[PDB]
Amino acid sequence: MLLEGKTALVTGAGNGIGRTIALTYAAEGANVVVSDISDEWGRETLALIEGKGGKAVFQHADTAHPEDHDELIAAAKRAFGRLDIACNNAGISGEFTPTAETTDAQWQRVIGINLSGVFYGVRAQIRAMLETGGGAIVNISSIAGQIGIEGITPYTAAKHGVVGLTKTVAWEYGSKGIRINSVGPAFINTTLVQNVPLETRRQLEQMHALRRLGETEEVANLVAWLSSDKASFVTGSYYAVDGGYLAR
């Protein structure tokens, strides 16, 4: 086990990559504070964990609301005594819309969830970890944190911004035992990409060196490693899980 005895929080854990991250953290021996804006999906992730003999609680949060992060910290300390690990996993892309046609609401919503929500989490997490001797934070960025993808200017800006805030936090808090890294998935086999046409999926697949999409466990495995004491010299860094996407 990678994470025996450690307490981990995961945001956006009711579905997709966040759900797998939560399940993997618990399989690696972590106590997990599952969070999602959906109570139904969040509680289902919790039930998944408990059904496999893991230790977890569910706490609702809208990560775009600063105040909800304090409730997350509170839940961790109350259930498990300390926060060792946090994963800021978040929103989706939004709809594909050219920049000239992108509305204020699209820009604001994507920025809110995928960038501001990460800052608010990271700020609360740091505070908590500083009390119990440090810890490890992983921010889920994207390949869109390194390259651009047409139609999703807001997400690209957000995901780049996550890569940046990882860098400055690493230097601000490295002395004090907080590691922080970003993870950059490419296209992963989750709901949204499952609903598009075989032709479009083949097109996406062909943008990867491995010529397939990734699985959520392939991302989670990385996240779990970066969250572990095996990663103790790893901070301020972007870790792709991109099947070679960025390499061409």
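Quick note: we count residues from 1 along the sequence shown, nothing fancier.
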item	value
Mean temperature factor over C-alpha atoms, higher-scoring stretch between 22-30 and 180-188	22-30
118-126 versus 74-82 - greater average Cα B-factor per the deposited record	74-82
Which of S35, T45, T216, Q203 ranks first by CA B-factor in the deposited coordinates	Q203
Chain-relative CA temperature factor third for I92	highest
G133 CA temperature factor, ranked by third within the chain	highest
Position of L222 among the chain's modelled residues by C-alpha B-factor, lowest, middle or highest third	lowest
Relative C-alpha B-factor of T168, binned into the chain's lowest, middle or highest third	lowest
Where the record places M1 (Cα B-factor, split into thirds across the chain)	highest
